[PDB]
Each structure stands twice: as C-alpha cells, then as structure tokens.
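Text of the file coords_3.cif, holding mmCIF, C-alpha atoms and all ligand atoms:
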data_start
#
loop_
_atom_site.label_atom_id
_atom_site.label_comp_id
_atom_site.auth_asym_id
_atom_site.auth_seq_id
_atom_site.Cartn_x
_atom_site.Cartn_y
_atom_site.Cartn_z
CA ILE A 1 89.18 103.83 63.19
CA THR A 2 91.16 104.54 60.03
CA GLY A 3 92.74 107.80 59.15
CA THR A 4 95.82 109.86 58.97
CA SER A 5 98.26 110.02 61.86
CA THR A 6 98.59 113.42 63.51
CA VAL A 7 99.74 115.16 66.67
CA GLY A 8 97.50 117.14 69.00
CA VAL A 9 98.19 119.26 72.02
CA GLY A 10 96.54 119.14 75.38
CA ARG A 11 96.91 119.81 79.06
CA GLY A 12 97.24 117.13 81.71
CA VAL A 13 95.55 116.60 85.08
CA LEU A 14 98.21 118.75 86.78
CA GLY A 15 97.99 121.55 84.20
CA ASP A 16 101.12 120.78 82.17
CA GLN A 17 100.97 120.88 78.38
CA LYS A 18 101.97 117.92 76.24
CA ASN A 19 101.86 116.55 72.74
CA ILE A 20 99.71 113.51 72.03
CA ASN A 21 99.50 111.24 69.00
CA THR A 22 96.06 111.35 67.40
CA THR A 23 94.25 110.06 64.32
CA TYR A 24 92.15 112.20 62.00
CA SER A 25 89.01 111.05 60.24
CA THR A 26 86.32 113.76 60.29
CA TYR A 27 87.21 113.94 63.99
CA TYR A 28 90.57 113.63 65.70
CA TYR A 29 90.57 110.45 67.77
CA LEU A 30 92.78 109.60 70.76
CA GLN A 31 94.35 106.80 68.72
CA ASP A 32 98.14 106.70 68.74
CA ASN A 33 99.22 104.71 65.67
CA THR A 34 102.97 104.94 66.34
CA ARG A 35 103.23 102.34 69.13
CA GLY A 36 102.58 98.70 68.20
CA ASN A 37 99.04 97.99 67.15
CA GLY A 38 97.98 101.28 68.73
CA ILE A 39 97.02 103.13 71.92
CA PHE A 40 93.29 103.84 72.30
CA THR A 41 91.78 106.08 74.94
CA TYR A 42 88.02 106.02 75.54
CA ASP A 43 85.36 108.12 77.29
CA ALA A 44 83.36 106.14 79.86
CA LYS A 45 81.09 109.20 80.36
CA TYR A 46 80.61 108.73 84.15
CA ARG A 47 79.14 105.24 83.63
CA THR A 48 80.54 101.78 84.34
CA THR A 49 79.89 100.20 80.96
CA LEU A 50 83.20 99.67 79.20
CA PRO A 51 85.04 100.72 77.15
CA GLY A 52 82.69 103.53 76.20
CA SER A 53 83.35 105.52 73.02
CA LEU A 54 86.74 106.22 71.44
CA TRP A 55 87.73 109.76 72.39
CA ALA A 56 86.80 112.11 69.51
CA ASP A 57 87.70 115.79 69.33
CA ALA A 58 86.79 118.51 66.84
CA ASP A 59 90.01 120.54 66.59
CA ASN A 60 92.89 118.33 67.86
CA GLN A 61 93.26 120.58 70.95
CA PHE A 62 92.68 119.11 74.38
CA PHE A 63 92.56 121.97 76.89
CA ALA A 64 89.07 121.41 78.35
CA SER A 65 88.73 120.43 81.99
CA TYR A 66 86.95 117.25 80.83
CA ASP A 67 89.90 116.42 78.53
CA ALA A 68 92.79 116.38 81.02
CA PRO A 69 92.38 112.79 82.33
CA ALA A 70 92.21 111.48 78.75
CA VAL A 71 95.34 113.44 77.78
CA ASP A 72 97.35 111.85 80.59
CA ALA A 73 96.04 108.29 80.15
CA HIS A 74 96.89 108.43 76.46
CA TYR A 75 100.28 110.04 77.01
CA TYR A 76 101.49 107.92 79.96
CA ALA A 77 100.35 104.72 78.27
CA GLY A 78 102.73 105.73 75.47
CA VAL A 79 105.60 106.42 77.87
CA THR A 80 105.08 103.05 79.56
CA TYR A 81 105.11 101.29 76.17
CA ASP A 82 108.35 103.08 75.31
CA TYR A 83 109.85 101.95 78.62
CA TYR A 84 109.15 98.27 78.01
CA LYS A 85 110.29 98.46 74.37
CA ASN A 86 113.53 100.39 74.91
CA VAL A 87 114.68 98.87 78.24
CA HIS A 88 113.52 95.22 78.16
CA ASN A 89 112.70 94.58 74.47
CA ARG A 90 109.07 93.80 75.19
CA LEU A 91 106.64 94.83 72.45
CA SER A 92 103.58 95.83 74.50
CA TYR A 93 102.26 93.66 77.34
CA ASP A 94 102.04 90.33 75.50
CA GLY A 95 105.38 90.67 73.69
CA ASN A 96 103.52 90.91 70.38
CA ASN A 97 102.53 94.62 70.18
CA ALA A 98 99.00 94.21 71.55
CA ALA A 99 96.68 97.21 71.47
CA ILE A 100 96.53 99.21 74.70
CA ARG A 101 93.06 100.45 75.67
CA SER A 102 92.09 102.85 78.46
CA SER A 103 88.83 104.35 79.57
CA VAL A 104 88.52 107.52 81.65
CA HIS A 105 85.66 109.19 83.51
CA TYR A 106 84.67 105.76 84.82
CA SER A 107 81.71 106.04 87.23
CA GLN A 108 81.21 109.03 89.55
CA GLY A 109 83.69 110.01 92.24
CA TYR A 110 85.50 106.70 91.77
CA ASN A 111 88.68 106.60 93.88
CA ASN A 112 90.64 103.88 92.05
CA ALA A 113 92.13 102.61 88.81
CA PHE A 114 92.50 99.02 87.66
CA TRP A 115 93.24 96.48 84.97
CA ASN A 116 90.12 94.46 84.20
CA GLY A 117 91.81 91.67 82.25
CA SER A 118 91.45 93.50 78.94
CA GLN A 119 91.93 97.25 79.41
CA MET A 120 92.81 99.96 81.83
CA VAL A 121 90.26 102.06 83.55
CA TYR A 122 90.60 105.27 85.56
CA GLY A 123 88.24 106.99 87.95
CA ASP A 124 88.03 110.74 88.47
CA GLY A 125 88.39 110.53 92.27
CA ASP A 126 86.18 112.57 94.59
CA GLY A 127 88.37 115.69 94.46
CA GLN A 128 89.57 115.40 98.07
CA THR A 129 90.93 111.87 98.37
CA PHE A 130 91.92 111.60 94.71
CA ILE A 131 92.10 113.76 91.64
CA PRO A 132 91.78 111.84 88.31
CA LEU A 133 94.01 108.82 88.66
CA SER A 134 95.71 108.88 85.23
CA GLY A 135 97.42 112.10 86.40
CA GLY A 136 100.15 110.00 88.02
CA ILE A 137 102.59 108.13 85.83
CA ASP A 138 103.40 105.55 88.50
CA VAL A 139 99.65 104.77 88.67
CA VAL A 140 99.37 104.28 84.90
CA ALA A 141 102.52 102.16 84.67
CA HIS A 142 101.44 100.19 87.75
CA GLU A 143 98.14 99.27 86.16
CA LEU A 144 99.71 98.48 82.79
CA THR A 145 102.23 96.22 84.56
CA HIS A 146 99.38 93.99 85.81
CA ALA A 147 98.84 93.15 82.14
CA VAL A 148 102.53 92.28 81.72
CA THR A 149 102.33 90.03 84.80
CA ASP A 150 99.12 88.36 83.59
CA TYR A 151 100.84 87.43 80.31
CA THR A 152 104.07 86.09 81.83
CA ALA A 153 104.25 84.69 85.37
CA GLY A 154 100.47 84.76 85.81
CA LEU A 155 100.62 85.56 89.53
CA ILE A 156 97.36 84.69 91.30
CA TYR A 157 95.92 87.85 92.87
CA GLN A 158 95.82 86.49 96.40
CA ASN A 159 98.00 85.86 99.50
CA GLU A 160 101.74 85.89 98.73
CA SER A 161 101.32 85.48 94.96
CA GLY A 162 99.13 88.57 94.96
CA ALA A 163 101.44 90.67 97.11
CA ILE A 164 104.17 89.82 94.59
CA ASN A 165 101.81 90.72 91.74
CA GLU A 166 101.17 94.02 93.54
CA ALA A 167 104.83 94.66 94.36
CA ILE A 168 105.96 94.06 90.75
CA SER A 169 103.46 96.68 89.57
CA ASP A 170 104.79 99.23 92.10
CA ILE A 171 108.41 98.43 91.16
CA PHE A 172 107.95 99.07 87.46
CA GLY A 173 105.55 101.97 87.92
CA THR A 174 108.35 103.64 89.86
CA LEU A 175 110.96 102.55 87.34
CA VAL A 176 108.82 104.08 84.61
CA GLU A 177 108.38 107.26 86.65
CA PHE A 178 112.16 107.44 86.99
CA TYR A 179 112.57 106.64 83.27
CA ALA A 180 110.36 109.59 82.33
CA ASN A 181 111.95 111.71 85.09
CA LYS A 182 109.59 114.40 86.25
CA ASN A 183 110.09 114.30 90.03
CA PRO A 184 110.76 110.57 90.52
CA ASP A 185 110.57 109.10 94.02
CA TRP A 186 109.94 105.81 95.80
CA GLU A 187 106.36 106.76 96.64
CA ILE A 188 103.22 105.49 94.92
CA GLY A 189 100.64 107.98 93.73
CA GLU A 190 101.88 111.18 95.31
CA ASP A 191 100.82 113.20 92.23
CA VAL A 192 97.09 112.30 92.40
CA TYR A 193 96.65 111.51 96.13
CA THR A 194 94.91 113.90 98.59
CA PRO A 195 95.07 117.23 96.74
CA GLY A 196 95.83 119.88 99.30
CA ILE A 197 98.02 117.63 101.47
CA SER A 198 101.63 117.69 100.34
CA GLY A 199 104.35 115.14 101.00
CA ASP A 200 102.07 112.11 101.34
CA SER A 201 101.36 109.17 99.04
CA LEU A 202 99.35 105.98 98.84
CA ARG A 203 102.32 103.69 99.51
CA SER A 204 105.99 104.20 100.21
CA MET A 205 108.71 101.86 99.00
CA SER A 206 111.62 103.53 100.82
CA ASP A 207 109.67 103.24 104.09
CA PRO A 208 106.38 101.34 103.79
CA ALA A 209 105.74 101.59 107.53
CA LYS A 210 105.19 105.33 107.12
CA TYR A 211 101.66 104.31 106.10
CA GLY A 212 101.37 101.27 108.35
CA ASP A 213 102.51 98.75 105.77
CA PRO A 214 104.84 95.92 106.87
CA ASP A 215 108.52 96.39 106.03
CA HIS A 216 109.57 92.98 107.31
CA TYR A 217 108.25 89.44 106.97
CA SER A 218 107.71 89.04 110.71
CA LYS A 219 105.09 91.81 110.39
CA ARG A 220 103.08 90.22 107.57
CA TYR A 221 99.30 90.50 107.46
CA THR A 222 97.68 87.07 107.71
CA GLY A 223 93.93 87.72 107.45
CA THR A 224 90.96 88.25 105.12
CA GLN A 225 90.87 91.87 103.92
CA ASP A 226 92.37 93.06 100.63
CA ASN A 227 92.56 89.55 99.12
CA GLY A 228 94.87 88.40 101.89
CA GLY A 229 96.77 91.68 102.10
CA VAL A 230 98.05 91.94 98.55
CA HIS A 231 98.23 95.73 98.81
CA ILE A 232 99.66 95.49 102.36
CA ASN A 233 102.29 92.75 102.34
CA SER A 234 103.64 94.12 99.04
CA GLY A 235 105.47 96.52 101.37
CA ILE A 236 107.83 93.71 102.34
CA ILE A 237 108.86 93.17 98.72
CA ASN A 238 108.79 96.90 97.94
CA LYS A 239 111.34 97.53 100.69
CA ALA A 240 113.61 94.80 99.34
CA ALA A 241 113.61 96.31 95.84
CA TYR A 242 114.34 99.70 97.39
CA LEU A 243 117.28 98.27 99.33
CA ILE A 244 118.57 96.57 96.18
CA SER A 245 118.55 99.79 94.17
CA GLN A 246 119.68 102.42 96.69
CA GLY A 247 121.23 100.40 99.51
CA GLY A 248 120.86 101.05 103.21
CA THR A 249 120.73 99.41 106.59
CA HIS A 250 117.38 97.94 107.60
CA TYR A 251 116.76 96.08 110.85
CA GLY A 252 120.54 96.06 111.28
CA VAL A 253 121.31 94.42 107.92
CA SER A 254 123.23 96.69 105.57
CA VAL A 255 122.71 96.47 101.82
CA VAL A 256 124.68 98.14 99.05
CA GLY A 257 122.66 99.35 96.08
CA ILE A 258 123.24 98.40 92.46
CA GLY A 259 121.10 101.13 90.96
CA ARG A 260 117.77 101.41 89.20
CA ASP A 261 118.65 99.82 85.86
CA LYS A 262 120.02 96.65 87.45
CA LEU A 263 116.98 96.30 89.73
CA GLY A 264 114.95 96.38 86.51
CA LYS A 265 117.04 93.88 84.53
CA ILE A 266 116.96 91.40 87.42
CA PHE A 267 113.25 91.61 88.26
CA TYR A 268 112.17 91.50 84.60
CA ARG A 269 114.21 88.30 84.21
CA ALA A 270 112.56 86.91 87.36
CA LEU A 271 109.02 87.69 86.20
CA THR A 272 109.33 86.39 82.63
CA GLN A 273 111.53 83.33 83.23
CA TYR A 274 111.12 82.08 86.80
CA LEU A 275 107.91 83.14 88.53
CA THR A 276 104.84 80.89 88.40
CA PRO A 277 101.17 81.71 89.09
CA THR A 278 101.57 80.36 92.65
CA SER A 279 105.04 81.63 93.58
CA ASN A 280 105.40 82.83 97.17
CA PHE A 281 108.02 85.13 98.71
CA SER A 282 110.61 82.40 99.14
CA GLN A 283 110.36 81.42 95.48
CA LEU A 284 110.53 85.11 94.66
CA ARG A 285 113.81 85.17 96.61
CA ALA A 286 115.17 82.18 94.69
CA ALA A 287 113.86 83.49 91.35
CA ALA A 288 115.61 86.82 91.92
CA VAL A 289 118.88 85.18 92.98
CA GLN A 290 118.91 83.18 89.72
CA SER A 291 118.40 86.24 87.50
CA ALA A 292 121.25 88.00 89.28
CA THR A 293 123.46 84.93 88.78
CA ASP A 294 122.18 84.62 85.21
CA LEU A 295 122.99 88.25 84.40
CA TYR A 296 125.97 88.84 86.69
CA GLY A 297 127.49 85.57 87.88
CA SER A 298 127.51 83.22 90.86
CA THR A 299 129.77 85.50 92.91
CA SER A 300 128.78 88.89 91.57
CA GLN A 301 128.15 91.89 93.75
CA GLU A 302 124.62 91.71 92.31
CA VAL A 303 123.86 88.25 93.68
CA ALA A 304 125.23 89.56 96.98
CA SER A 305 122.90 92.59 97.32
CA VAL A 306 119.86 90.52 96.36
CA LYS A 307 120.58 88.00 99.14
CA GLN A 308 121.17 90.83 101.60
CA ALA A 309 118.01 92.80 100.86
CA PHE A 310 115.86 89.70 101.27
CA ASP A 311 117.69 88.87 104.48
CA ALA A 312 116.97 92.45 105.51
CA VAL A 313 113.19 92.10 104.99
CA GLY A 314 113.32 88.64 106.54
CA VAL A 315 112.58 86.52 103.43
CA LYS A 316 114.46 83.21 103.76
CA CA A 401 89.17 120.18 71.37
CA CA A 402 106.62 112.18 91.88
CA CA A 403 106.02 108.02 92.61
CA CA A 404 98.60 114.82 98.56
CL CL A 405 81.17 117.09 79.20
CL CL A 406 93.49 95.27 90.30
CL CL A 407 95.56 97.50 91.75
NA NA A 408 105.77 116.48 74.69
NA NA A 409 106.04 110.51 71.05
NA NA A 410 87.73 94.28 101.16
NA NA A 411 117.51 108.09 98.00
NA NA A 412 128.37 79.62 88.48
ZN ZN A 413 97.78 96.78 91.58
#

Before we go any further, please render this structure as structure tokens.
Amino acid sequence: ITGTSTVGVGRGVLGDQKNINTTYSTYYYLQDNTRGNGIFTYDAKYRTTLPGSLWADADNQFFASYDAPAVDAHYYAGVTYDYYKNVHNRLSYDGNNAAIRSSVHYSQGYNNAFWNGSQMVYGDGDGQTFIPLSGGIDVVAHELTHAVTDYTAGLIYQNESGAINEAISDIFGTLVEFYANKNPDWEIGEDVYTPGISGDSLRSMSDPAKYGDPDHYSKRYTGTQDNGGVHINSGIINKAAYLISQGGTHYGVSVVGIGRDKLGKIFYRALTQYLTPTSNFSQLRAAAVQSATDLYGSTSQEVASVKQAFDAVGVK
C-alpha cells in the first residue's frame, strides 16, 4: 500500500517491547519501507489461505495478545535482512532486494513454520509444545535462509542435499541470533519450544545427540521419514560447523575454532559459489575446503580446521 513511513511500538511473543517500521495510510500497516523493496507482515486469521490480509492497525501500537506474533515476524525479518546486507553484501534473498512477506496466525494450533517457495508462514503452536513460532529469531532466520538457498545453490529438499539445505538454515539462523545478540546459543528454537520446560530446544548444534540426532556420519539415518532424514542428518553438518567455530575434540579428533564470523564467510562462499542442487556431504566438504582456500589460502589455519571438523564428523 502507499503511504508515509512511520515507526510503531509493540510487544513481542516473549513480552519484550520493540520498535517496528510501519506505513500509514488511514491505517498503520506492518509494511517496513526501509529495507529493500519492503517487509510485509500479514494476518492469516487462523486459516490456511495465504497470504491473508496485510496487517492493519488503528493507532500504531501493537500491545494486544493477538499482535505479538506479527510484531516479532516483522521485526526479526528486518534483523535477518540487516544481517545478510551488512555481513555478506546480499540485498534480500535473491540479491536484488526482493520483498519479504510473512503471514502469522496460520491455521489453528499449528506447531511449525515454513517457507512455501514465496513467503514465510508461522503457526501459533498449541501452547504446550510451541508458543508462536516467530518468537524465536533463529526460527525466523532459519526459514528466511531457505529462500536464500533456493535462489543460489538450489539444494533439493531430500536425502543428503536436503540435510545440507536444513543444516545451512540452522547455521545462519544461529549466526543471525548471535548477530542480534540476545542470549545466543548453539540450540535451535529454545525461545519458542515447550513453554514451561527450560533448557531444552528443538535441535542442538553443539551436541545434536542430546536429542537423538546423529553427530557422526556412521550414525546417519538411511530411511523414509522426514524426506530421507533432512531434519535428522543435518546434525552431522551442524556439529561440523560448531567444531569449526568453537573448536573441540569429537570422537577423538581435536579441532581448533576460527570463530563465528569466519564460519559465516566460508559457508556463504560455499553456498553461493560451489554448491549445486544435488550436492551431497562429500561435495559439501570439498566446497567448504575451496572457500577456505579462496578466502584464506592453501595452507591457512582455516583450511586446516575445516578438514579437521569434517574428519571429526566422519565426512570424507
Ligand atoms: Ca493497535
Ligand atoms: Ca537463545
Ligand atoms: Ca538458538
Ligand atoms: Ca522449553
Ligand atoms: Cl482477534
Ligand atoms: Cl520447509
Ligand atoms: Cl523447515
Ligand atoms: Na528497538
Ligand atoms: Na530499524
Ligand atoms: Na513424515
Ligand atoms: Na561454547
Ligand atoms: Na594455493
Ligand atoms: Zn528448515
């Protein structure tokens, strides 16, 4: 819609207060005009027809219980856009400042979020397994990163390609969560998962086996469920990226970390220059060694830690 750019205030899913970019034309809309061609948050109104209706508000104040998931989807979309712009010089997910669209209140008691090929969508949860899923920044950045992957490497959402697709989204969702600060960790979804049960999360990168996910190639899932285990075998790659950033010993192999920023530089170069729709873990190993050599040199420390971490998770 067209109007004047303004700034509202609202409260997020976890009860914090934040400023959001809005647009005024009779109503205030959840339309951030400051970032590329815009950030648009919609109300799905407990249905599954998408996108629904652009979020309109009467007074530019977003403190209603109904408003909190919209506040966070709008806000964390903006933070993720700022991450990709300021750290990797990507203008939105296509590199050309595409519009970012999100719907909230999708369905009833819907315990997931996803990228549907065109927009993000967030359920409210059922209040015991999940609270509204946009409340977690690593969730929002994870889902947005599927769009980045679709537009670059194009990783097929199945078998090893899909575990890589999944692991990339976890990696950058965490890197965004660190970038914004606010209690960063190597866990996925701890902020919106199982209200009333502290300490847990959907997935762990530091130790994926805490939730039964493989942390080594020998332990890979080889069957039918979850599109060939794309949410399960991602633990193998998630552990490698953890080892690369923070270092550690894992199945006897010791790895020295090179920090968050360098994990980012190297994996972004892998995704946008070297990965193909059908890459598997071994090509992911080679792709990541090349970026390290590209950015740091044939005999860098960086090429060394990459090789080690993949040795540590058993990827040849
Ligand atoms: Ca209001
Ligand atoms: Ca956290
Ligand atoms: Ca996290
Ligand atoms: Ca919990
Ligand atoms: Cl309502
Ligand atoms: Cl998905
Ligand atoms: Cl997903
Ligand atoms: Na703020
Ligand atoms: Na801002
Ligand atoms: Na299934
Ligand atoms: Na640590
Ligand atoms: Na060389
Ligand atoms: Zn995903």

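With a cut-off of 8 Å and using all atoms listed in the file, the polymer residues contacting ligand CA 402 (chain A) are residues 136, 177, 182, 183, 184, 185, 187, 189, 190 and 191 of chain A.
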
In Å, rounded to a single decimal, give me how far CA of residue 295 in chain A is from CA of residue 271 in chain A.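 So the two atoms, CA of residue 271 in chain A and CA of residue 295 in chain A, lie 14.1 Å apart.
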
Long-range neighbours of residue 210 in chain A as a PDB file with C-alpha atoms, keeping the file's coordinate frame, 12 Å cut-off, all atoms listed in the file, 2 positions minimum in chain:
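What landed in result04.pdb:
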ATOM      1  CA  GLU A 187     106.360 106.760  96.640  1.00  0.00           C
ATOM      2  CA  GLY A 199     104.350 115.140 101.000  1.00  0.00           C
ATOM      3  CA  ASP A 200     102.070 112.110 101.340  1.00  0.00           C
ATOM      4  CA  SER A 201     101.360 109.170  99.040  1.00  0.00           C
ATOM      5  CA  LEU A 202      99.350 105.980  98.840  1.00  0.00           C
ATOM      6  CA  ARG A 203     102.320 103.690  99.510  1.00  0.00           C
ATOM      7  CA  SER A 204     105.990 104.200 100.210  1.00  0.00           C
ATOM      8  CA  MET A 205     108.710 101.860  99.000  1.00  0.00           C
ATOM      9  CA  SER A 206     111.620 103.530 100.820  1.00  0.00           C
ATOM     10  CA  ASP A 207     109.670 103.240 104.090  1.00  0.00           C
ATOM     11  CA  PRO A 208     106.380 101.340 103.790  1.00  0.00           C
ATOM     12  CA  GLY A 212     101.370 101.270 108.350  1.00  0.00           C
ATOM     13  CA  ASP A 213     102.510  98.750 105.770  1.00  0.00           C
ATOM     14  CA  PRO A 214     104.840  95.920 106.870  1.00  0.00           C
ATOM     15  CA  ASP A 215     108.520  96.390 106.030  1.00  0.00           C
ATOM     16  CA  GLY A 235     105.470  96.520 101.370  1.00  0.00           C
ATOM     17  CA  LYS A 239     111.340  97.530 100.690  1.00  0.00           C
TER      18      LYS A 239
END

Between CA of residue 294 in chain A and CA of residue 252 in chain A - distance in Å to one decimal: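 Distance reported for this atom pair: 28.5 Å.
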
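Of the listed residues A:29, A:172, A:62, A:157, the one whose atoms come nearest to ligand CA 401 (chain A) is A:62, with distances taken using only C-alpha atoms and all ligand atoms.
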
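Here the question is which of A:305, A:161, A:174, A:34 gets nearest to residue 97 in chain A using all atoms listed in the file, and that residue is A:34.
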
List all protein, DNA and RNA residues that have any atom at most 10 Å from ligand CL 407 (chain A), counting all atoms listed in the file, and write the list as JSON, numbers by chain. {"A": [112, 113, 114, 115, 116, 139, 142, 143, 144, 145, 146, 157, 165, 166, 169, 170, 230, 231]}

Give me, as a list in words, the set of residues whose atoms come within 10 Å of any atom of ligand NA 410 (chain A), counting all atoms listed in the file. residues 224, 225, 226, 227, 228 and 229 of chain A

Set the distance at 9 Å and use all atoms listed in the file: which residues neighbour residue 125 in chain A once local chain neighbours fewer than 3 positions away are removed? I'd like the list as number ranges by chain. A: 108-112, 122, 128-133, 192

Select from chain A every residue with an atom at most 8 Å from any atom of ligand NA 412 (chain A), then for each give the shortest pair of atoms and their distance in Å to one decimal, using all atoms listed in the file, rows by chain and rising number, as CSV.
residue,atom,partner,partner_atom,distance
A:293,CA,A:NA412,NA,7.2
A:297,CA,A:NA412,NA,6.0
A:298,CA,A:NA412,NA,4.4
A:299,CA,A:NA412,NA,7.5

Could you check how far CA of residue 310 in chain A sits from CA of residue 285 in chain A, in Å to one decimal?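 Here the two named atoms are 6.8 Å from each other.
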